[PDB]
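In what follows, every chain begins at residue 1, and chains take the letters A, B, ... in the order their sequences are listed. When a ligand or atom number is given, it counts from 1 through the structure's own listing order. Hydrogens, waters and symmetry mates are skipped; everything else that's a heavy atom, side chains included, is used.
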2 protein chains.
Amino acid sequence: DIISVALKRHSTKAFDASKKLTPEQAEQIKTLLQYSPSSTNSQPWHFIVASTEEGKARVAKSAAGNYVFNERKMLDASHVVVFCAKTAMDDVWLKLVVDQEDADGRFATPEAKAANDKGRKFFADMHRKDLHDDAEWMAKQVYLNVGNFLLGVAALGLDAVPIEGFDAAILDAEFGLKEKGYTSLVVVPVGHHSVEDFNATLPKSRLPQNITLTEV
Amino acid sequence: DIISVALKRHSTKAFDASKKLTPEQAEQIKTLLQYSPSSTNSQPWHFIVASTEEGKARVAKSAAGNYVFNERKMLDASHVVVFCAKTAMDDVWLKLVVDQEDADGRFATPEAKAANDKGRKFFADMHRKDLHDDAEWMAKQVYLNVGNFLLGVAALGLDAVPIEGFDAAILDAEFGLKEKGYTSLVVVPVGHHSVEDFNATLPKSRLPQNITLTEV
Ligand SMILES: Cc1cc2nc3c(=O)[nH]c(=O)nc-3n(C[C@@H](O)[C@@H](O)[C@@H](O)COP(=O)(O)O)c2cc1C
Ligand SMILES: Cc1cc2nc3c(=O)[nH]c(=O)nc-3n(C[C@H](O)[C@H](O)[C@H](O)COP(=O)(O)O)c2cc1C
Ligand SMILES: O=C(O)c1cccnc1
Ligand SMILES: O=C(O)c1cccnc1
């Protein structure tokens, strides 16, 4: 069943502009985005969900130059999700997280809450103060969300395609992302594929496990 | 249904060492590892699946020290997956990939294969030659694999826990990954939680959508 989803799922190359998500599906994809796991529950992300013609047109502006070939996808799909990562890990965000966990009832005592904050604060520093790779660290969490989203959407019976071929400088500018602390990394149009999706009937291809997998 | 899977899964803090994956499930998680999508279908990864007592112990060594809280999870879980990313993208691997799609029958003509090879190399060179984010780029694809794997495993009725808290240098050394061209990124113990898993009862917590998601 889930393996069936994983084996039949595919990157749609063309969407049917007349096929939309049901209001229920639309709510579900947002839930998928929100509840993805992340290191220390950092959730260093922001998402832009374009579902209107005007909204999608703005996103598609990022599909120019060498990426015009991805424009149709953004324009024709039902919903287009823009996965964004924070550009820097700050204490105000760290406090926001632990406070949400607290409001959600994950701490039986203030010291348990302090212990959690110190733990998160410890790995955040290791990345920003020591390794100096917090941008990459948070960007990795976003991709993990993307991975969770792609399988999820497929299990909902919806078509989608993860997109890296777009101009992030344009996309960020179009939504003032940098001046808000974020930068776009991946774009994911969602909907139903059209008869023009040649990849819907092509066999899936992956390297043999004897190359990529070792058992011990 | 898959939404329920997303809302119900949780990071397992303790596993029951007596609860092993069935031969079928052990095979499904590998299928899961293999079929994750990736940019350009480059599949810049290698997986180490430890299931014997000795193998899991070797992986566990990487958690000794400042990551002791993650050590038990690695010894008690039925299967422990180590997600590794290629450390550099070489033309041999690009050759291996495009030849697999060919063997799997994704190209109807030689020009199609060449055109695909050309497109894949254009983005590979962009990352290695122009952006020099070659390693981070492949690492991100591995995380996308992780995200897909965590949802999939959960939908399989299995417990798991993503782990960044481990010494990658130790792990890399134990399995001679550096000379092999890979580096460990995240460890994922899979199995069934024991009554010791205090996180199986705590409520899940996530930041509000009114701050993380913009609709247009
Ligand atoms: C992070 C990421 C970015 C990618 N970019 C694009 C893109 O810009 N345009 C496109 O047509 N496909 C894109 N792909 C789609 C596929 O090339 C890869 O998912 C496919 O070759 C492996 O196939 P399948 O997804 O149908 O299973 C990307 C995939 C991932 C995971
Ligand atoms: C890449 C990554 C690394 C993480 N590392 C660890 C770890 O080293 N130890 C641990 O106990 N939990 C670890 N977590 C689990 C989380 O703190 C958890 O994903 C999060 O707080 C949200 O809770 P949930 O997974 O139960 O939904 C990690 C999560 C991700 C995605
Ligand atoms: O999310 C956690 O608890 C965590 C993440 C990285 C390292 N150690 C712990
Ligand atoms: O997988 C692709 O086809 C792809 C990935 C990144 C950028 N452009 C195309």
Side-chain angles (χ1 to χ4, degrees), chain A residues 6-14 35-43 63 66-67 69-70 72-74 83 97 101 104 106 116 119-120 123 137 140-150 154 159-166 185-189 197 199-200 202-206, chain B residues 6-14 35-43 63 67 69-74 83 97 101 106 116 119-120 122-124 126-127 137 140-148 150 154 159-166 185-189 197 199-200 202-206:
Chain A
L7 293 170
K8 293 169 82 175
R9 173 221 144 277
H10 81 289
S11 287
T12 295
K13 296 295 170 172
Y35 290 85
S36 166
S38 60
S39 184
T40 73
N41 203 28
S42 65
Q43 314 168 60
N66 286 313
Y67 311 116
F69 203 52
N70 284 320
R72 274 289 122 220
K73 300 168 191 169
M74 297 178 189
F83 286 82
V97 173
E101 290 206 354
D104 285 316
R106 295 183 59 79
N116 175 275
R120 176 172 302 106
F123 295 103
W137 179 54
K140 293 177 173 178
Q141 311 308 304
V142 172
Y143 268 71
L144 185 156
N145 191 141
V146 169
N148 172 273
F149 185 78
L150 297 175
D159 285 307
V161 63
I163 304 294
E164 242 169 32
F166 68 95
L185 286 50
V186 181
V187 176
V188 181
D197 179 13
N199 197 49
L202 282 182
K204 187 164 294 301
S205 177
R206 294 285 187 290
Chain B
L7 294 167
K8 286 172 147 299
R9 62 155 296 292
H10 78 284
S11 285
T12 301
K13 297 302 174 179
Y35 284 77
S36 164
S38 65
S39 181
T40 253
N41 195 29
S42 61
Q43 308 166 70
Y67 302 113
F69 72 121
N70 291 324
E71 198 176 351
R72 288 185 175 63
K73 298 159 192 167
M74 298 179 219
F83 286 75
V97 170
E101 298 208 4
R106 286 180 63 78
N116 176 286
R120 174 170 304 101
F122 168 88
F123 295 103
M126 180 184 282
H127 288 289
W137 178 53
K140 294 177 173 179
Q141 316 299 314
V142 174
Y143 267 78
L144 191 148
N145 196 309
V146 167
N148 169 282
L150 297 178
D159 283 314
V161 63
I163 301 180
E164 269 178 356
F166 68 102
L185 299 176
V186 20
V187 182
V188 178
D197 179 13
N199 198 47
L202 292 173
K204 184 168 299 311
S205 172
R206 291 292 187 285

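The shortest contact between atom 5 (N) of ligand 1 and any protein heavy atom is with A:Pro162 O, 3.1 Å. Scanning the protein heavy atoms around atom 5 (C) of ligand 4, the nearest turns out to be B:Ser39 OG, 3.2 Å.
At under 3.5 Å, not a single nitrogen or oxygen of A:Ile163, backbone or side chain, sits near a nitrogen or oxygen of ligand 1. Polar contact with ligand 1: absent for B:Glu101 (N/O pair, distance under 3.5 Å). Of the N or O atoms in B:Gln141, none lie within a sub-3.5 Å distance of an N or O in ligand 1. For ligand 1, one of its N or O atoms has an N or O atom of A:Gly165 under 3.5 Å away.
Between A:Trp137 and A:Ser39 there is a side-chain heavy-atom pair separated by less than 4.5 Å.
Every atom of ligand 4 with a heavy atom of A:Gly165 under 4.0 Å away is listed here by number and element: 7 (C).
In the candidate list A:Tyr67, A:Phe166, B:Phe123, B:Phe122, B:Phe123 is nearest to atom 7 (C) of ligand 4, counting heavy atoms. Nearest to atom 13 (C) of ligand 2 by heavy atom, out of B:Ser205, A:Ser39, B:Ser11, B:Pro162, is B:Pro162.
Contact annotation for A:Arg206 and ligand 1: only side-chain heavy atoms (C-beta onward) come within less than 4.0 Å of the ligand.
Taking 4.0 Å as the cut-off, A:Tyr35 does not count as a neighbour of ligand 2 on heavy-atom distance.
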